[PDB]
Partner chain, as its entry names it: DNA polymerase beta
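Have a look below at one chain only, the form solved without the partner chain, in structure tokens format.
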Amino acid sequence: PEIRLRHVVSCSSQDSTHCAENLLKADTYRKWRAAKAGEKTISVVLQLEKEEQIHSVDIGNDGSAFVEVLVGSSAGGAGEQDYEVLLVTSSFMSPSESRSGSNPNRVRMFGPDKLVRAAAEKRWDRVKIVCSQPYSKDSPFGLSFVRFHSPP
């Protein structure tokens, strides 16, 4: 079942139109992008409506070369050293593509086997997504969408 996202807890950088809020539902066809070109990495923390176990993760790219997903809890606050990695840094774009802007919109699905199972074993209510683009400072980058699913 698709996990429901309540609100955006924090965002390192976002556009006035392509803002973090756009990721709360994949339904929208709305994107999240950096306020500016040339930020090597950008970040958002999303709050789930309830604490849940994550089974699968779909990522719709939008100009990023790498994407990482970490999981955390709103309970007892949430520190830097507080987020567990759920999906290790995954590639969506090559240096060449990143430089030329080719295939920025690649969508990739990550099932239970491609997630780290220590983190994937537990329940969470916070979700941190980190996007990187070290190969090109020419354009704003981010995600098109993100879908989390609980176990069936």
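Numbering follows the first chain given and starts at 1. Basically, rigid core = biggest C-alpha set you can superpose within 1.5 Å across the two forms.
- Just going by the entry, 94 to 102 versus 25 to 33 on mean CA temperature factor gives the higher value to 25 to 33.
- Averaged over Cα atoms, the B-factor as recorded in the entry is higher for 79 to 87 than for the other of 40 to 48 and 79 to 87.
- Reading the B-factor column for the CA atoms of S132, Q14, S144, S139 in the entry, the top value corresponds to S139.
- When the Cα B-factors of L70, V116, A65, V57 are read from the PDB record, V116 comes out highest.
One more form of this protein should be noted, the form solved in complex with the partner chain, which is absent from this view; the next part is about it.
- Of the listed positions (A120, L70, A34, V57), a single one reaches within 4.5 angstroms of the partner chain by any non-hydrogen atom in the bound PDB entry, namely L70.
- Shown without its partner, this chain lists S91, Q53, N103, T28 as candidates; in the bound PDB entry, only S91 has a non-hydrogen atom within 4.5 angstroms of the partner chain.
- Remark: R126 does not count among the residues lining the partner chain in the bound PDB entry, judged by a heavy atom distance of 4.5 Å or less.
- Using a 4.5 angstroms threshold between heavy atoms, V9 stays clear of the partner chain in the bound PDB entry.
- The partner chain in the bound PDB entry is not approached by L24, whose heavy atoms all lie more than 4.5 angstroms from it.
- Using a 4.5 angstroms threshold between heavy atoms, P1 counts as touching the partner chain in the bound PDB entry.
- Residue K40 is the only member of 30 to 65 with a non-hydrogen atom no more than 4.5 angstroms from the partner chain in the bound PDB entry.
- The comparison between this form and the one not shown, aligned on the rigid core, picks out a single residue among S94, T28, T89, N105 whose CA moves by 2 Å or more, and that residue is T28.
- Here's the thing about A119 and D27: their CA atoms end up at least 3 Å farther apart in the bound PDB entry than they are in this form.
- CA of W124 to CA of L24: farther apart by 3 Å or more in the bound PDB entry than in the shown form.
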